[PDB]
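The file entry_0.txt comes next; it holds compact mmCIF, N, CA and C atoms.
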```txt
# COMPACT_ATOMS: atom_id res chain seq x y z
N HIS A 7 76.45 119.66 -86.79
CA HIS A 7 75.58 118.78 -85.95
C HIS A 7 74.11 119.23 -85.98
N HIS A 8 73.68 119.64 -87.17
CA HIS A 8 72.28 119.83 -87.48
C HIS A 8 71.61 118.48 -87.74
N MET A 9 70.28 118.46 -87.60
CA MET A 9 69.49 117.29 -87.95
C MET A 9 69.54 117.04 -89.46
N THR A 10 69.30 115.78 -89.85
CA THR A 10 69.33 115.43 -91.27
C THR A 10 68.38 116.31 -92.08
N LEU A 11 67.14 116.49 -91.60
CA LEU A 11 66.20 117.45 -92.16
C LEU A 11 65.78 118.42 -91.06
N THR A 12 65.55 119.66 -91.46
CA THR A 12 65.14 120.73 -90.55
C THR A 12 64.03 121.55 -91.19
N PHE A 13 62.97 121.85 -90.45
CA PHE A 13 62.00 122.85 -90.90
C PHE A 13 62.50 124.22 -90.47
N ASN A 14 62.87 125.04 -91.44
CA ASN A 14 63.13 126.45 -91.18
C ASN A 14 61.84 127.19 -91.43
N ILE A 15 61.30 127.84 -90.39
CA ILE A 15 59.98 128.47 -90.46
C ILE A 15 60.08 129.89 -89.97
N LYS A 16 59.62 130.83 -90.80
CA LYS A 16 59.48 132.22 -90.39
C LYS A 16 58.01 132.46 -90.13
N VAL A 17 57.69 132.85 -88.90
CA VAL A 17 56.35 133.19 -88.48
C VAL A 17 56.30 134.71 -88.61
N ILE A 18 55.69 135.20 -89.67
CA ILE A 18 55.83 136.63 -89.91
C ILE A 18 54.75 137.42 -89.16
N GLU A 19 53.48 137.23 -89.53
CA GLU A 19 52.40 137.95 -88.88
C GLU A 19 51.09 137.23 -89.16
N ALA A 20 50.08 137.60 -88.39
CA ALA A 20 48.72 137.10 -88.62
C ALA A 20 47.84 138.33 -88.81
N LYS A 21 46.85 138.21 -89.70
CA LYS A 21 45.97 139.28 -90.11
C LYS A 21 44.55 138.90 -89.76
N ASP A 22 43.81 139.86 -89.24
CA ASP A 22 42.37 139.71 -89.00
C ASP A 22 42.06 138.60 -87.99
N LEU A 23 42.88 138.51 -86.95
CA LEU A 23 42.53 137.61 -85.85
C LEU A 23 41.27 138.13 -85.16
N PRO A 24 40.55 137.27 -84.46
CA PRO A 24 39.58 137.78 -83.48
C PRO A 24 40.26 138.76 -82.53
N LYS A 25 39.67 139.96 -82.36
CA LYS A 25 40.25 140.92 -81.42
C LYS A 25 39.97 140.53 -79.97
N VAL A 26 38.91 139.75 -79.73
CA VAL A 26 38.57 139.21 -78.41
C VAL A 26 38.33 137.71 -78.55
N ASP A 27 38.96 136.92 -77.67
CA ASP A 27 38.67 135.50 -77.51
C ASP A 27 37.92 135.38 -76.18
N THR A 28 36.59 135.34 -76.25
CA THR A 28 35.72 135.30 -75.08
C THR A 28 35.60 136.68 -74.43
N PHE A 29 36.68 137.14 -73.79
CA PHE A 29 36.65 138.42 -73.10
C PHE A 29 38.06 138.97 -72.97
N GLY A 30 38.22 140.26 -73.24
CA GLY A 30 39.53 140.90 -73.32
C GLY A 30 40.11 140.82 -74.71
N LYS A 31 40.98 141.80 -75.03
CA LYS A 31 41.68 141.77 -76.32
C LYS A 31 42.77 140.69 -76.30
N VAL A 32 42.90 139.94 -77.39
CA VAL A 32 43.86 138.83 -77.37
C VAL A 32 45.29 139.37 -77.32
N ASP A 33 46.17 138.59 -76.68
CA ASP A 33 47.60 138.85 -76.59
C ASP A 33 48.28 137.64 -77.24
N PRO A 34 48.42 137.63 -78.56
CA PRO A 34 48.68 136.38 -79.24
C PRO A 34 50.15 136.00 -79.28
N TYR A 35 50.36 134.70 -79.23
CA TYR A 35 51.62 134.10 -79.64
C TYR A 35 51.30 132.85 -80.45
N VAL A 36 52.32 132.36 -81.13
CA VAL A 36 52.22 131.17 -81.95
C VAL A 36 53.06 130.07 -81.32
N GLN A 37 52.50 128.88 -81.22
CA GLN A 37 53.20 127.68 -80.79
C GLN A 37 53.38 126.80 -82.01
N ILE A 38 54.59 126.30 -82.22
CA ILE A 38 54.86 125.34 -83.28
C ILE A 38 55.16 124.00 -82.62
N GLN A 39 54.50 122.95 -83.08
CA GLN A 39 54.69 121.62 -82.54
C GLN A 39 55.02 120.69 -83.70
N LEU A 40 56.07 119.90 -83.54
CA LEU A 40 56.40 118.79 -84.46
C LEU A 40 56.67 117.59 -83.56
N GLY A 41 55.66 116.74 -83.34
CA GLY A 41 55.79 115.65 -82.37
C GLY A 41 55.84 116.18 -80.95
N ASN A 42 56.82 115.72 -80.16
CA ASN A 42 56.95 116.24 -78.80
C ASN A 42 57.87 117.47 -78.74
N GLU A 43 58.32 118.01 -79.89
CA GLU A 43 59.09 119.25 -79.92
C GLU A 43 58.12 120.43 -80.04
N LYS A 44 58.23 121.40 -79.14
CA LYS A 44 57.35 122.56 -79.15
C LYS A 44 58.19 123.80 -78.91
N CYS A 45 57.92 124.87 -79.65
CA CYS A 45 58.59 126.15 -79.40
C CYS A 45 57.58 127.25 -79.70
N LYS A 46 57.87 128.45 -79.21
CA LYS A 46 56.88 129.50 -79.33
C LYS A 46 57.53 130.84 -79.61
N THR A 47 56.75 131.72 -80.22
CA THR A 47 57.14 133.10 -80.40
C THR A 47 56.93 133.89 -79.11
N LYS A 48 57.39 135.13 -79.14
CA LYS A 48 57.04 136.10 -78.12
C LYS A 48 55.55 136.45 -78.21
N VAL A 49 55.03 137.00 -77.11
CA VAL A 49 53.65 137.47 -77.01
C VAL A 49 53.59 138.91 -77.50
N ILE A 50 52.62 139.19 -78.37
CA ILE A 50 52.34 140.55 -78.81
C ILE A 50 51.13 141.05 -78.04
N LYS A 51 51.29 142.18 -77.38
CA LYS A 51 50.24 142.66 -76.48
C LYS A 51 49.10 143.29 -77.27
N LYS A 52 47.88 142.78 -77.07
CA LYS A 52 46.65 143.43 -77.50
C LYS A 52 46.72 143.85 -78.97
N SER A 53 46.87 142.86 -79.85
CA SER A 53 46.89 143.11 -81.29
C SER A 53 46.12 142.02 -82.03
N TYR A 54 45.31 142.43 -83.02
CA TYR A 54 44.67 141.50 -83.93
C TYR A 54 45.40 141.39 -85.27
N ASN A 55 46.48 142.17 -85.45
CA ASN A 55 47.39 142.06 -86.59
C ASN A 55 48.83 141.95 -86.07
N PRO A 56 49.11 140.94 -85.24
CA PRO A 56 50.42 140.86 -84.58
C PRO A 56 51.52 140.55 -85.56
N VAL A 57 52.67 141.18 -85.35
CA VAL A 57 53.83 140.94 -86.22
C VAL A 57 54.92 140.38 -85.33
N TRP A 58 55.25 139.13 -85.53
CA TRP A 58 56.33 138.52 -84.77
C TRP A 58 57.65 138.59 -85.52
N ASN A 59 57.63 138.33 -86.82
CA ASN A 59 58.83 138.28 -87.67
C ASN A 59 59.93 137.46 -87.01
N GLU A 60 59.57 136.25 -86.57
CA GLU A 60 60.49 135.38 -85.84
C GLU A 60 60.79 134.13 -86.66
N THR A 61 62.06 133.71 -86.64
CA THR A 61 62.53 132.57 -87.42
C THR A 61 62.93 131.43 -86.51
N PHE A 62 62.47 130.23 -86.87
CA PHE A 62 62.75 129.01 -86.12
C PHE A 62 63.50 128.00 -86.97
N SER A 63 64.30 127.16 -86.32
CA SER A 63 64.95 126.02 -86.96
C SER A 63 64.53 124.79 -86.18
N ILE A 64 63.63 124.01 -86.75
CA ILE A 64 63.07 122.88 -86.00
C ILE A 64 63.55 121.58 -86.61
N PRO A 65 64.41 120.83 -85.93
CA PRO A 65 64.91 119.59 -86.53
C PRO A 65 63.81 118.54 -86.58
N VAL A 66 63.80 117.78 -87.66
CA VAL A 66 62.83 116.71 -87.85
C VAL A 66 63.33 115.48 -87.10
N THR A 67 62.94 115.35 -85.82
CA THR A 67 63.35 114.18 -85.04
C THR A 67 62.32 113.05 -85.06
N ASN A 68 61.14 113.30 -85.60
CA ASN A 68 60.07 112.31 -85.74
C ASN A 68 59.51 112.46 -87.15
N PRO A 69 59.80 111.54 -88.07
CA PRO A 69 59.34 111.72 -89.45
C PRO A 69 57.86 111.44 -89.67
N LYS A 70 57.14 110.95 -88.66
CA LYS A 70 55.71 110.68 -88.79
C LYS A 70 54.83 111.87 -88.42
N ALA A 71 55.35 112.77 -87.58
CA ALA A 71 54.54 113.73 -86.85
C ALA A 71 54.09 114.86 -87.77
N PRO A 72 52.86 115.34 -87.61
CA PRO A 72 52.44 116.54 -88.34
C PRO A 72 53.11 117.77 -87.78
N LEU A 73 53.09 118.83 -88.57
CA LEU A 73 53.56 120.14 -88.15
C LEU A 73 52.33 120.94 -87.78
N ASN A 74 52.17 121.25 -86.50
CA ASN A 74 51.01 121.99 -86.01
C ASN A 74 51.41 123.40 -85.60
N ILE A 75 50.64 124.37 -86.06
CA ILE A 75 50.88 125.77 -85.77
C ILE A 75 49.61 126.25 -85.09
N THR A 76 49.73 126.77 -83.87
CA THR A 76 48.59 127.23 -83.08
C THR A 76 48.80 128.67 -82.65
N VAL A 77 47.75 129.48 -82.75
CA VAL A 77 47.76 130.84 -82.24
C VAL A 77 47.02 130.84 -80.91
N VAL A 78 47.67 131.37 -79.89
CA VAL A 78 47.21 131.25 -78.51
C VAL A 78 47.13 132.63 -77.87
N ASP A 79 46.12 132.83 -77.00
CA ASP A 79 45.91 134.08 -76.26
C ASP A 79 46.61 133.95 -74.91
N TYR A 80 47.68 134.72 -74.70
CA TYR A 80 48.40 134.72 -73.43
C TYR A 80 47.61 135.46 -72.35
N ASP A 81 47.57 134.85 -71.17
CA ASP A 81 46.87 135.38 -70.01
C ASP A 81 47.82 135.20 -68.84
N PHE A 82 48.21 136.29 -68.19
CA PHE A 82 49.14 136.12 -67.08
C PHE A 82 48.46 135.70 -65.77
N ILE A 83 47.14 135.71 -65.67
CA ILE A 83 46.53 135.17 -64.46
C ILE A 83 46.10 133.73 -64.66
N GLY A 84 45.25 133.49 -65.64
CA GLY A 84 44.66 132.19 -65.81
C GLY A 84 45.30 131.40 -66.92
N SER A 85 44.48 130.59 -67.58
CA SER A 85 44.95 129.67 -68.59
C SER A 85 45.14 130.42 -69.90
N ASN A 86 46.13 129.99 -70.69
CA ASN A 86 46.30 130.48 -72.06
C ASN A 86 45.38 129.70 -72.99
N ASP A 87 44.53 130.39 -73.74
CA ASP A 87 43.49 129.75 -74.55
C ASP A 87 43.87 129.75 -76.03
N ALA A 88 43.83 128.58 -76.64
CA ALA A 88 44.12 128.45 -78.06
C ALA A 88 42.93 128.97 -78.83
N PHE A 89 43.18 129.70 -79.91
CA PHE A 89 42.02 130.16 -80.67
C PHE A 89 42.12 130.00 -82.18
N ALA A 90 43.29 129.67 -82.74
CA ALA A 90 43.39 129.42 -84.18
C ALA A 90 44.49 128.41 -84.44
N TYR A 91 44.36 127.66 -85.54
CA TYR A 91 45.36 126.64 -85.86
C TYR A 91 45.42 126.37 -87.36
N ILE A 92 46.54 125.77 -87.74
CA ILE A 92 46.70 125.14 -89.04
C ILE A 92 47.65 123.96 -88.87
N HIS A 93 47.34 122.88 -89.57
CA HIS A 93 48.07 121.61 -89.48
C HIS A 93 48.63 121.30 -90.86
N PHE A 94 49.90 120.87 -90.92
CA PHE A 94 50.50 120.39 -92.16
C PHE A 94 51.06 118.98 -91.98
N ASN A 95 50.90 118.17 -93.01
CA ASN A 95 51.68 116.94 -93.17
C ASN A 95 53.10 117.26 -93.64
N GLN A 96 54.10 116.57 -93.09
CA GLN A 96 55.46 116.85 -93.55
C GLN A 96 55.59 116.70 -95.06
N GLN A 97 54.81 115.81 -95.66
CA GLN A 97 54.93 115.56 -97.09
C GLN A 97 54.40 116.69 -97.95
N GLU A 98 53.82 117.73 -97.36
CA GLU A 98 53.31 118.85 -98.14
C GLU A 98 54.43 119.74 -98.65
N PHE A 99 55.63 119.61 -98.08
CA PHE A 99 56.77 120.42 -98.44
C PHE A 99 57.84 119.57 -99.08
N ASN A 100 58.53 120.17 -100.05
CA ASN A 100 59.63 119.54 -100.75
C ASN A 100 60.95 120.11 -100.25
N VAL A 101 61.97 119.26 -100.16
CA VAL A 101 63.26 119.73 -99.69
C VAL A 101 63.80 120.76 -100.67
N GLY A 102 64.34 121.85 -100.14
CA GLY A 102 64.89 122.89 -100.97
C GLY A 102 63.88 123.85 -101.57
N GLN A 103 62.60 123.75 -101.23
CA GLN A 103 61.59 124.64 -101.78
C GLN A 103 61.11 125.60 -100.69
N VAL A 104 61.58 126.84 -100.74
CA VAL A 104 61.03 127.87 -99.87
C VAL A 104 59.59 128.15 -100.30
N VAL A 105 58.65 127.97 -99.38
CA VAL A 105 57.24 128.27 -99.60
C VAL A 105 56.88 129.50 -98.77
N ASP A 106 56.49 130.58 -99.42
CA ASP A 106 56.20 131.85 -98.75
C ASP A 106 54.74 132.21 -99.06
N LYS A 107 53.83 132.02 -98.10
CA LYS A 107 52.45 132.25 -98.46
C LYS A 107 51.59 132.55 -97.25
N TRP A 108 50.43 133.09 -97.54
CA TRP A 108 49.41 133.37 -96.55
C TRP A 108 48.47 132.18 -96.50
N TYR A 109 48.25 131.66 -95.29
CA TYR A 109 47.31 130.56 -95.05
C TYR A 109 46.07 131.01 -94.29
N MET A 110 44.92 130.47 -94.67
CA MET A 110 43.71 130.67 -93.88
C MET A 110 43.83 129.87 -92.58
N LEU A 111 43.62 130.54 -91.46
CA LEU A 111 43.60 129.86 -90.17
C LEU A 111 42.26 129.17 -89.94
N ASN A 112 42.31 128.08 -89.19
CA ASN A 112 41.11 127.40 -88.71
C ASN A 112 40.80 127.90 -87.32
N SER A 113 39.53 128.16 -87.05
CA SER A 113 39.11 128.67 -85.75
C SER A 113 38.76 127.52 -84.81
N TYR A 114 39.18 127.63 -83.54
CA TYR A 114 38.73 126.68 -82.52
C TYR A 114 37.25 126.83 -82.22
N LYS A 115 36.73 128.05 -82.36
CA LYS A 115 35.32 128.34 -82.11
C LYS A 115 34.64 128.47 -83.46
N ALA A 116 33.84 127.49 -83.80
CA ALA A 116 33.12 127.53 -85.06
C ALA A 116 32.14 128.70 -85.01
N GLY A 117 31.93 129.34 -86.16
CA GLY A 117 31.13 130.55 -86.21
C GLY A 117 31.94 131.81 -86.08
N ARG A 118 33.25 131.72 -86.22
CA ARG A 118 34.14 132.86 -86.05
C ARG A 118 35.26 132.73 -87.06
N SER A 119 35.48 133.77 -87.85
CA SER A 119 36.67 133.79 -88.68
C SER A 119 37.91 133.86 -87.81
N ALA A 120 38.96 133.16 -88.23
CA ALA A 120 40.20 133.14 -87.49
C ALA A 120 41.29 133.95 -88.19
N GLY A 121 41.02 134.50 -89.37
CA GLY A 121 42.03 135.31 -90.05
C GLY A 121 42.98 134.45 -90.88
N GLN A 122 44.19 134.99 -91.06
CA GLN A 122 45.19 134.40 -91.93
C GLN A 122 46.56 134.58 -91.30
N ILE A 123 47.49 133.71 -91.66
CA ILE A 123 48.83 133.76 -91.09
C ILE A 123 49.85 133.69 -92.22
N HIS A 124 50.88 134.52 -92.13
CA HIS A 124 51.93 134.59 -93.14
C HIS A 124 53.12 133.79 -92.63
N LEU A 125 53.44 132.70 -93.31
CA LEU A 125 54.54 131.84 -92.92
C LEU A 125 55.48 131.66 -94.09
N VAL A 126 56.78 131.56 -93.80
CA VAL A 126 57.77 131.11 -94.79
C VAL A 126 58.34 129.80 -94.27
N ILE A 127 58.25 128.74 -95.07
CA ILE A 127 58.60 127.39 -94.64
C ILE A 127 59.58 126.80 -95.64
N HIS A 128 60.68 126.27 -95.12
CA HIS A 128 61.78 125.81 -95.97
C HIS A 128 62.31 124.54 -95.32
N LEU A 129 61.93 123.42 -95.87
CA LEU A 129 62.47 122.14 -95.42
C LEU A 129 63.85 121.97 -96.04
N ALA A 130 64.86 121.74 -95.20
CA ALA A 130 66.23 121.74 -95.69
C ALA A 130 67.04 120.62 -95.04
N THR A 131 68.21 120.36 -95.61
CA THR A 131 69.15 119.40 -95.05
C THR A 131 70.11 120.08 -94.08
N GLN A 132 71.09 119.31 -93.59
CA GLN A 132 72.23 119.90 -92.89
C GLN A 132 73.16 120.56 -93.91
N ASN A 133 73.54 121.81 -93.64
CA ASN A 133 74.44 122.62 -94.46
C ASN A 133 73.75 123.29 -95.64
N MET A 134 72.46 123.06 -95.87
CA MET A 134 71.67 123.90 -96.77
C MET A 134 71.34 125.21 -96.06
N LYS A 135 71.71 126.34 -96.66
CA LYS A 135 71.48 127.63 -95.99
C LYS A 135 69.97 127.86 -95.81
N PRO A 136 69.51 128.18 -94.60
CA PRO A 136 68.08 128.50 -94.41
C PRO A 136 67.60 129.65 -95.30
N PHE A 137 66.48 129.41 -95.98
CA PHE A 137 65.88 130.37 -96.92
C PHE A 137 66.84 130.83 -98.01
```
In C-alpha cells, how does this file's structure come out?
Amino acid sequence: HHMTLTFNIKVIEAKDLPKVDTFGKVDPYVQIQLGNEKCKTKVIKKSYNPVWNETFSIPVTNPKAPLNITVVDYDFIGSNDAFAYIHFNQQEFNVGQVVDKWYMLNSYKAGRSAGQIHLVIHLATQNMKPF
C-alpha cells in the first residue's frame, strides 16, 4: 500500500551554511514539501556543517507540485526563520535513477552564500527497493 510513485530522499548534510542568521548560531533543520505534504529532519544544534543522514519516503500524491527543500533555523522562543532553499520540478528526476549529488543552496538573504546540500533522490514505484 505504497503510493504509485514515491520520492525516496536522503538528506545527508549541508556544508558552509551561514553560521549566524541575523543573530545567534543557526540550529538547522530541513523541511521537505511536496504540495501540502511536509516533513522535517531533526534539529542540529549550533552547526554550520550539520549532518542529518536522514531518509524520507514521500509519496507523490500531487503530480503537479514542485519538490521544495528548505533549511530553517530552529528557535525555541520565537519564530523559526528560513534561510536557504532549493526547488525541483518533479520532471527533473527519472524513475529508477538514484541521483546522489551536492546542490548549491539559494539564500533567502541576497548578498550571502547559503552553502551546499548533499541529497540522494530516488523516484521509485511501489515495490521498487529504495536506493
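For stretch 82-89 of chain A, the set of protein, DNA and RNA residues having any atom at most 6.5 Å away, when counting only N, CA and C atoms and skipping those fewer than 5 positions along the same chain, is residues 76, 77, 112, 113, 114, 115 and 120 of chain A.
Proximity to residue A:56 was assessed for A:31, A:70, A:21, A:128 counting all atoms listed in the file; the smallest distance is recorded for A:21.
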Restricting the calculation to all atoms listed in the file: of A:103, A:68, A:125, A:131, which residue gets closest to residue A:43?
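Distance minimum relative to residue A:43 lands on A:68.
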Grab all the atoms of stretch 30-36 of chain A that the file lists, wrap them in a box along x, y and z, add 3 Å per side, and give me centre plus edge lengths in Å (one decimal) as lines of an AutoDock Vina configuration file.
```
center_x = 45.6
center_y = 135.9
center_z = -77.6
size_x = 20.8
size_y = 17.7
size_z = 14.7
```
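Rounded to one decimal, atom CA of residue A:107 and atom CA of residue A:10 lie 24.9 Å from each other.
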Let me make sure I understand: among A:124, A:118, A:132, A:97, which one has the smallest atom-to-atom distance to residue A:20 if we use all atoms listed in the file?
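Smallest distance to residue A:20 is found for A:124.
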Long-range neighbours of stretch 38-40 of chain A as an MDAnalysis selection string, 8 Å cut-off, only N, CA and C atoms, 3 positions minimum in chain:
chainID A and resid 35 43:47 64:68 70:77
Write out as a ChimeraX atom specification each polymer residue whose atoms come within 8 Å of residue A:16, counting all atoms listed in the file; drop sequence neighbours fewer than 4 positions from it.
/A:58-63,124-128
Interatomic distance, atom CA of residue A:94 to atom CA of residue A:30 (Å, one decimal):
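Going from atom CA of residue A:94 over to atom CA of residue A:30 covers 29.9 Å.
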Tell me which of A:50, A:23, A:92, A:18 sits closest to residue A:121, counting only C-alpha atoms.
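The closest residue to residue A:121 is A:23.
You will find atom C of residue A:109 at 22.2 Å from atom C of residue A:41.
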Would you please take stretch 59-118 of chain A of the structure in the block above and write C-alpha atoms to a file as a PDB file, in the first residue's frame?
```pdb
ATOM      1  CA  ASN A  59      21.822  11.483   7.482  1.00  0.00           C
ATOM      2  CA  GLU A  60      18.032  11.055   7.473  1.00  0.00           C
ATOM      3  CA  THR A  61      15.973   9.153   4.891  1.00  0.00           C
ATOM      4  CA  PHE A  62      12.428  10.010   3.838  1.00  0.00           C
ATOM      5  CA  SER A  63       9.782   8.226   1.757  1.00  0.00           C
ATOM      6  CA  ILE A  64       7.454  10.854   0.341  1.00  0.00           C
ATOM      7  CA  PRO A  65       4.527   9.563  -1.726  1.00  0.00           C
ATOM      8  CA  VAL A  66       3.655  11.570  -4.821  1.00  0.00           C
ATOM      9  CA  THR A  67       0.028  12.467  -4.032  1.00  0.00           C
ATOM     10  CA  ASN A  68       0.036  15.614  -6.226  1.00  0.00           C
ATOM     11  CA  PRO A  69       1.755  15.176  -9.621  1.00  0.00           C
ATOM     12  CA  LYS A  70       1.812  18.949 -10.321  1.00  0.00           C
ATOM     13  CA  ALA A  71       3.587  20.118  -7.167  1.00  0.00           C
ATOM     14  CA  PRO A  72       7.269  21.081  -7.015  1.00  0.00           C
ATOM     15  CA  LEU A  73       9.617  19.461  -4.540  1.00  0.00           C
ATOM     16  CA  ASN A  74      10.809  22.189  -2.175  1.00  0.00           C
ATOM     17  CA  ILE A  75      13.691  21.719   0.239  1.00  0.00           C
ATOM     18  CA  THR A  76      14.203  24.461   2.843  1.00  0.00           C
ATOM     19  CA  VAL A  77      16.876  24.860   5.523  1.00  0.00           C
ATOM     20  CA  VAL A  78      15.432  26.517   8.607  1.00  0.00           C
ATOM     21  CA  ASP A  79      16.913  27.958  11.851  1.00  0.00           C
ATOM     22  CA  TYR A  80      15.105  26.469  14.868  1.00  0.00           C
ATOM     23  CA  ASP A  81      14.353  28.890  17.697  1.00  0.00           C
ATOM     24  CA  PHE A  82      12.638  27.611  20.823  1.00  0.00           C
ATOM     25  CA  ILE A  83      11.407  31.066  21.892  1.00  0.00           C
ATOM     26  CA  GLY A  84      10.397  32.887  18.751  1.00  0.00           C
ATOM     27  CA  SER A  85       9.784  32.160  15.108  1.00  0.00           C
ATOM     28  CA  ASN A  86      11.774  29.617  13.081  1.00  0.00           C
ATOM     29  CA  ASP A  87      13.437  31.544  10.227  1.00  0.00           C
ATOM     30  CA  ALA A  88      14.041  30.037   6.793  1.00  0.00           C
ATOM     31  CA  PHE A  89      17.451  30.819   5.410  1.00  0.00           C
ATOM     32  CA  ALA A  90      18.243  28.534   2.425  1.00  0.00           C
ATOM     33  CA  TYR A  91      16.275  26.652  -0.219  1.00  0.00           C
ATOM     34  CA  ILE A  92      16.311  24.630  -3.396  1.00  0.00           C
ATOM     35  CA  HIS A  93      13.312  23.850  -5.614  1.00  0.00           C
ATOM     36  CA  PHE A  94      12.932  20.933  -8.053  1.00  0.00           C
ATOM     37  CA  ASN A  95      10.355  20.127 -10.702  1.00  0.00           C
ATOM     38  CA  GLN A  96       9.217  16.509 -10.430  1.00  0.00           C
ATOM     39  CA  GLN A  97      10.225  16.068 -14.077  1.00  0.00           C
ATOM     40  CA  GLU A  98      13.905  16.637 -13.218  1.00  0.00           C
ATOM     41  CA  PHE A  99      14.127  13.048 -11.944  1.00  0.00           C
ATOM     42  CA  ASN A 100      13.685   9.793 -13.823  1.00  0.00           C
ATOM     43  CA  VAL A 101      12.056   6.746 -12.280  1.00  0.00           C
ATOM     44  CA  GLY A 102      14.660   4.249 -11.143  1.00  0.00           C
ATOM     45  CA  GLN A 103      17.560   6.727 -11.278  1.00  0.00           C
ATOM     46  CA  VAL A 104      19.283   7.297  -7.946  1.00  0.00           C
ATOM     47  CA  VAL A 105      20.730  10.830  -8.127  1.00  0.00           C
ATOM     48  CA  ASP A 106      23.441  11.435  -5.497  1.00  0.00           C
ATOM     49  CA  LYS A 107      24.865  14.934  -5.644  1.00  0.00           C
ATOM     50  CA  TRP A 108      25.769  18.176  -3.970  1.00  0.00           C
ATOM     51  CA  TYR A 109      23.493  21.117  -4.809  1.00  0.00           C
ATOM     52  CA  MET A 110      24.172  24.830  -4.414  1.00  0.00           C
ATOM     53  CA  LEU A 111      21.639  26.289  -1.996  1.00  0.00           C
ATOM     54  CA  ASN A 112      19.783  29.515  -2.714  1.00  0.00           C
ATOM     55  CA  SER A 113      19.910  32.122   0.042  1.00  0.00           C
ATOM     56  CA  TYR A 114      16.790  33.889   1.342  1.00  0.00           C
ATOM     57  CA  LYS A 115      19.023  36.892   2.098  1.00  0.00           C
ATOM     58  CA  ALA A 116      20.674  38.110  -1.065  1.00  0.00           C
ATOM     59  CA  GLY A 117      24.303  39.029  -0.508  1.00  0.00           C
ATOM     60  CA  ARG A 118      25.026  35.883   1.485  1.00  0.00           C
TER      61      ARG A 118
END
```
